[PDB]
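The sequence shown begins at 7 in this note's numbering and counts up one residue at a time. For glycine and all other residues, C-beta sits at the position ideal for the given N, C-alpha and C. Encoded as structure tokens, the structure appears first; notes follow it.
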Amino acid sequence: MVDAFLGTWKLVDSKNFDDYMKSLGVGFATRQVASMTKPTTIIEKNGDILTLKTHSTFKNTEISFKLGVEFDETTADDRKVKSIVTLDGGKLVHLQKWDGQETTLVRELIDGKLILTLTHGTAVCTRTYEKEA
Ligand SMILES: CCCCCC(=O)O
């Protein structure tokens, strides 16, 4: 199920992150810092509890969740959202809801790389992560 996602991942490419951040209403000064940042994502499991850490020189987040169980999340850009993470077609789909809006964060393994697709409104961002061993 989730075991191929587990580990430490480092960003190696990013397309259209600015467009996604603009769509969410992130201010120009935070978008500048975010365009140069190369986060590390750590995904860990303990039984049926996942933990997802995102580390960087700018901002750090951590969430723990069970698949298929809604949780409260405060995002890096300070949205208060209702979240759920599920396995769909082998992808890890994270849906965030707030104020009648949605965004999806979809993680898929392709050729040993982690591809993160971020959709909000018309904005689509693809991030590519490589595994640190
Ligand atoms: C608004 C949060 C963006 C997360 C982007 C990433 O994990 O690469």
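Alpha-carbon to alpha-carbon, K44 and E138: If you number the sequence shown from 1, residue 138 lands on position 132. If you number the sequence shown from 1, residue 44 lands on position 38. One C-alpha to the other measures close to 13 Å.
task: State yes or no: is the C-beta of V91 within less than 7 Å of the C-beta of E79?
output: Taking the first residue of the sequence shown as position 1, residue 91 is located at position 85. Taking the first residue of the sequence shown as position 1, residue 79 is located at position 73. No. Outside cutoff.
field: For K16: DSSP bridge partner residues
entry: Here residue 16 corresponds to residue number 10 of the sequence shown, with the count starting at 1. According to DSSP, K16 bridges with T46, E136.
message: Assuming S29 is part of the alpha helix (DSSP H), what are its boundary residues?
response: For the purposes of this step, residue 29 is taken as the residue at position 23 of the sequence shown. Note, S29: alpha helix (DSSP H), 23-29.
- prompt: Taking the C-alpha atoms as reference points, what is the distance between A35 and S41?
  reply: Taking the first residue of the sequence shown as 1, we reach residue 35 at position 29. Taking the first residue of the sequence shown as 1, we reach residue 41 at position 35. Answer to the nearest angstrom: the Cα atoms are 10 Å apart.
- prompt: Is the closest heavy atom of ligand 1 to the C-beta of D83 under 6 Å?
  reply: The residue given as residue 83 occupies position 77 in the sequence shown. True, at least one ligand heavy atom lies under 6 Å from that Cβ.
task: Specify the secondary structure class of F77 as computed by DSSP and reduced to three states.
output: Within the sequence shown, numbered from 1, the residue matching residue 77 stands at position 71. Residue state, collapsed to three classes: strand.
field: Helix, strand or coil at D117 [DSSP, three-state]
entry: Within the sequence shown, numbered from 1, the residue matching residue 117 stands at position 111. Three-state DSSP puts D117 in coil, outside helix and strand.
- prompt: For ligand 1, is there a heavy atom less than 6 Å away from the beta-carbon of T60?
  reply: Working through the sequence shown from its first residue, we reach residue 60 at position 54. Yes, Cβ of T60 sits closer than 6 Å to a heavy atom of ligand 1.
- prompt: Leaving out five residues before and five after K103 in sequence, what residues of the same chain have Cβ atoms less than 7 Å from its Cβ?
  reply: Translated into the one-based positions of the sequence shown, residue 103 becomes position 97. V87, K88, listed in sequence order.
query: Residues in its own chain within less than 6 Å of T67 by CB, not counting five upstream and five downstream?
result: Within the sequence shown, numbered from 1, the residue matching residue 67 stands at position 61. Closer than 6 Å at Cβ, skipping near neighbours: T60, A82.
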